[PDB]
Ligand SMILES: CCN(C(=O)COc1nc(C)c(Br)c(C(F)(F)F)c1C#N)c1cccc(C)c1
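A single chain comes next, written as structure tokens; it is the form solved without this ligand.
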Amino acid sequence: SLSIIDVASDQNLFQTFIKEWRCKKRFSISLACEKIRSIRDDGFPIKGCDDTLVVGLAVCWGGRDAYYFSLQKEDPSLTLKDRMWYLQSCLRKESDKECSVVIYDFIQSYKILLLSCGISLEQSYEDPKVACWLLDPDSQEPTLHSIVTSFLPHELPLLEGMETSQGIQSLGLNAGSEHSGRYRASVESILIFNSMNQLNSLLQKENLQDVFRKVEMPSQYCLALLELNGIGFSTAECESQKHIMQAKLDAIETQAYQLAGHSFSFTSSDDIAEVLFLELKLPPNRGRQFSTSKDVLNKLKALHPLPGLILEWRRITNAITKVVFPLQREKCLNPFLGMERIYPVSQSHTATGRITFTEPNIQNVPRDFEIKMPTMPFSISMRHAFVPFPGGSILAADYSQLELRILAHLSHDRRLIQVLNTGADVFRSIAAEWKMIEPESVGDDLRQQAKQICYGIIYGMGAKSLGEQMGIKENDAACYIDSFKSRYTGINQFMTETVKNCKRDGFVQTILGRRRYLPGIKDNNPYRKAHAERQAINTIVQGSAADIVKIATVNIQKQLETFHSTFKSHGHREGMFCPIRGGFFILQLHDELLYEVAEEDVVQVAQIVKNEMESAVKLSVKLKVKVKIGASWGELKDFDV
């Protein structure tokens, strides 16, 4: 049954444990976290919540043995200094010592080990959660109990009465359900080592271990570093943007109240519909009798401008309560950098394979949009609020149209490869063809509309929605659909091949092999089947783009680790002088790698990032990037050097 060995009680036992740890090439370390129970005696205070504390580690290199490395200050021969030195030495990789450390919730445990314990993990990582996601990307978030049930059933009764292993977070890190951190961490290590061995066998069966250990887990390490750095924030810039946005919101509200007389509430869809359709003419679209989406008011723009006022009000409100308040709320402070950063929580459990940041979402920050504030547009830019550290600069690296290049790779579209290799900007060409204007005289918003039209046609947009977005008839939209499909015959061939392969195999394989299972391809409902086909087409391209982005991130992290000898992260600086000099991955936009590169190495790291992103996994189409240097995320001036 349970077998926990206190390696911090006897000197000879400690030395034997250290020797066995050094001899072994695969660990299962885990973190024991309890309540304060009240500081500096019970253990290291974990950064963030002040009600939790770390007590020690639990290592299990096979079997039920759960050697517990106690970090408690209460064997006098083993002081904190020598114990921590041994822990760091055994957790440091050197002289080609292959060691696969297995850690549940690797990102959070890495952050805890660095920020509180001051221990820099440098070995390989084998997060069981990441392997579980790799097996079933579109499945729900893998709880500890879920992995134990689905991969290690025989060890299930060891979790008897352990209901704390249900809230996503590992039982080792939470402090509820009693179960003092010793037993919790030890049993957690026992569970995760064997479940990760089973996960490795399954990965070998599915031929997914190479991607798991070469790109997926190194990208998880890069995301951990991202979480320790965190995207920048300026506070004052966001305050100014909020003040201007609120002033414009008040002006719009007063103008609308003057126009319509009464004080109808914008937030109420029923009130808006009543004041628009059944009271002030404004014939409806094709209570809640009439739809009141953004598209409806956008269509009703040639009429009197109240729908435009409501659209501006809605956009400003969405920017002010969904993007401004969350940033001002979940905003931290970094005393070492002297500036107010904000650390998002990364999540790689997305369906296609992208990385999305929660609490808050830095990716869904609306870009620069002009506002009509009479006094010419103020061009409200709250991405301006994401300033880097003083003496640094954002070094964003956005791929030239990435799903297009990956499409041309996996289509054998001679036309598309020819167009993309010799830069022609397919989206600008589409805008020029649609609007009959010259390709050199197309605005940014027209370019974005053309890009969303092209991607829609790629991903099976219907004629009705195509005509609705493009402002043309159903027949004209269908004719445009056939014109686009015939122009790129390889794209259509790839679409049919994708649908056939997803129907035959039940899943779709990414460029490296991170298969996504789509049983809906066998659905009988026509809408569900069509959605499954479209999401399979989008998976093999979008997940491939995210996987290429992860490879580029891994390569850039490697190159900025060998070069620019310094701490690998701001959290590394906090745990363990001189000006800042490094890359410091801060944010990802599913095709764009924002880096908090210092001013001294702006050119060098810019060249390194561009080279490692272009020289990443190569296709029949050259992968182009547009490195943009900015004093913030707003003024990203082009950087072709």
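We number the residues from 1 along the sequence you see.
The form deposited with this ligand bound exists for this protein as well; it is not shown, and the discussion that follows is about that form.
Novice: Hey, in the entry with it bound, does residue 296 get a heavy atom within 4.5 angstroms of this ligand?
Specialist: Although this ligand is absent here, residue 296 would stay clear of it in the entry with it bound, with no heavy atoms inside 4.5 Å.
Novice: Hey, in the entry with it bound, is residue 487 touching this ligand, heavy atoms inside 4.5 Å?
Specialist: Yes, residue 487 sits close enough to this ligand in the entry with it bound that at least one of its heavy atoms falls within 4.5 Å.
Novice: Any chance residue 433 has a heavy atom within 4.5 Å of this ligand in the entry with it bound?
Specialist: Close contact exists here: in the entry with it bound, residue 433 approaches this ligand to within 4.5 Å, heavy atoms only.
Novice: Flag residue 507 as yes or no: does it have a non-hydrogen atom within 4.5 angstroms of any non-hydrogen atom of this ligand in the entry with it bound?
Specialist: Contact check for residue 507: no, nothing within 4.5 Å of this ligand in the entry with it bound.
Novice: Is this ligand in the entry with it bound near all of 426, 470 and 480, within 4.5 Å of a heavy atom of each?
Specialist: Yes.
Novice: Between the options 152, 245, 536, 453, which residue brings a heavy atom to within 4.5 Å of this ligand in the entry with it bound?
Specialist: None of the other options qualify; the answer is 453.
Novice: Give me the residue from 99, 457, 159, 410 that has a heavy atom within 4.5 Å of this ligand in the entry with it bound.
Specialist: Residue within 4.5 Å of the partner: 457.
Novice: Counting only heavy atoms and a 4.5 Å cutoff, which of 414 to 422, 493 to 501, 167 to 175, 518 to 526 contacts this ligand in the entry with it bound?
Specialist: Answer to the contact question: 414 to 422.
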